[PDB]
Every structure is written in structure tokens, then in C-alpha cells.
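Visitor: Starting from these lines, generate the structure:
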Amino acid sequence: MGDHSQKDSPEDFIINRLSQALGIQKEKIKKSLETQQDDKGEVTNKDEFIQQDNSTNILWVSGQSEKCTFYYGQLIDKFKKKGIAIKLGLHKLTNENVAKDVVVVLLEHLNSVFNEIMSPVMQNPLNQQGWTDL
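Guide: Residues are numbered from 1 along each chain as shown. Structure as follows:
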């Protein structure tokens with residue numbers, strides 16, 4: 001079972017933390033921010049349908065706060081999970097779900113430097129199953 005439009009929010013409360021929490025849900029702040037209209041249908045299209053941002057913009061000018069969507073755009077410490085990566089939903093509860101932490105702040109460049117250093121670590125390791133090929 002795990003969960004669906006809730007599973008993403010459940011493992012999102014624990015993992016995020018901010019150094020010490022491990023909540024595991026129930027996020028009353030998250031259920032109240034759910035009613036943006038676009039963000040809810042976005043979070044539902046991520047949970048049981050593979051891309052979902054969860055933004056946290058602090059101070060600045062016109063901060064997003066408890067914002068984000070499913071793609072859309074962050075202007076903002078966010079995080080994108082996978083969930084049924086075209087469709088692996090209505091079976092094993094998104095077993096290929098891939099999470100990654102994306103802080104406020106470049107840092108967008110430094111993240112890109114670590115992504116390339118990961119993908120080169122992948123190429124040195126396996127060779128892939130023809131999805132990479134030559």
C-alpha cells in the first residue's frame with residue numbers, strides 16, 4: 001500500500017527534516033497549502049501517476065513560502081521526487097521513486113557539477129542496459 005496522494009507528502013515530511021525531525025507525515029502545514037488548485041492536481045499527478053517540486057522560499061521579495069507545483073518553476077529550497085516513472089501507478093507504490101534535495105542558493109550550477117560527477121560515476125560502473133548505449 002504505502003500511500004498515494006499522501007505517500008509523497010508522508011516521506012517528504014521525514015526526509016526534509018531541517019537537520020533533526022524524521023516526522024513520517026499528517027503535515028498540517030502541507031494540507032493547508034494543498035488548496036492552490038494547480039499544486040494539488042500537480043502533487044496528485046506525482047504521487048500515483050515522475051516529477052513533483054516542493055518549494056520553501058525564505059524572506060527575499062514576494063517569497064513563494066510553502067509553494068511549488070509538479071514542474072512549473074521555483075524562484076527557494078525545493079525537492080523533486082519520482083512516482084511511477086511513463087506510468088508505473090496502480091501497482092507497486094512507485095518503487096522506482098527517486099528523491100533529490102535542491103536548496104535555495106551558482107548553487108544551481110554547483111548542483112549541475114554534482115549531477116555530471118554522478119553520471120560519470122554511473123558510466124565508470126555498469127555500461128547500462130542499452131538505454132545509454134554508446
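Visitor: hmm, who's touching the longest helix anywhere in the chain?
Guide: As assigned by DSSP state H, the longest helix anywhere in the chain is helix 107-123. Contacting residues not belonging to helix 107-123 are listed as 102, 128, 132 [CB atoms under 8 Å, 6 or more residues apart in numbering]. Where you see a C-beta, it was placed from the backbone N, CA and C, and this is true even at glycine.
Visitor: Check stretch 7-15 too.
Guide: In contact with stretch 7-15 (CB under 8 Å, 6+ apart) are residues 3, 21-27, 30-31, 43, 46-48, 52, 54, 79, 81, 83, 93-94, 99, 101.
Visitor: Stretch 53-69 too?
Guide: 12, 16, 29-30, 32-33, 36, 38-39, 42, 52, 70-72, 74-80, 102, 104.
Visitor: Residue 28: neighbour count?
Guide: 7 (other CB atoms under 10 Å).
Visitor: Same question for the one 5 residues further on.
Guide: Here the count is done by other CB under 10 Å, and residue 33 has 16 residues near it.
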